[PDB]
C-alpha cells in the first residue's frame, strides 16, 4: 500500500482497472540469499493472473506466464539481459499497451508479453511476493 519502502507481500489496487497506456514502476533489490519472487497483475484479490513475472535466481531465468481459468499456459523465457542478479538493484517500468505488456528494466527493453487475458481492463490488482526488497512502487 505505501509507495516508498513497501513491504512484501505488496497488494495494491489499480483504480479504474488496468487502463491502456497505464505505467507501473517497481524499483527493488534482489537479495543475495533469495531464490525467487513474483510480480502478478491480477483480476480481483485471488482470481486470474493476466501476467505473472517470476525471476528465478537459481537458474537465472525470467519466466512470464498467465494463470487463466485455473491453469498455467506456456512459459515465455527469452531475454537479452537478466537484471535480477543476486544483490542487484533494478528499475522496472511496466506499460499496459492495447495488445501487449511492454516491460523495461533499467531503461532497457526486457520483454513484450502479448495479452492472453484480452480484456486487460479487468486487471485491478498488483501483487508482489517472494524474495525481493522494494524501494519504490508507483501505481
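We call the rigid core whatever largest set of C-alpha positions still superposes within 1.5 Å between the two forms. Numbering follows the first chain given and starts at 1.
Comparing 108-116 and 46-54 where Cα RMS over structures and residues is taken in 6 other deposited structures of this protein (core fit), larger one: So, of the two stretches, the farther one in 6 other deposited structures of this protein is 46-54.
Regarding 127-135 and 114-122, which shows the higher C-alpha temperature factor on average in the entry? Per the PDB entry, the higher value belongs to 114-122.
Selected stretch [higher average CA B-factor]: 37-45 or 97-105: Averaged over C-alpha atoms, the B-factors run higher in 37-45.
Say you rank 83, 70, 55, 87 by Cα B-factor from the PDB entry; which sits at the top? When the deposited C-alpha B-factors of 83, 70, 55, 87 are compared, 70 is largest.
Sorting the chain's CA B-factors, does residue 59 end up in the lowest, middle or highest third? Within its chain, residue 59 is a highest-third residue by C-alpha B-factor, going by the deposited values.
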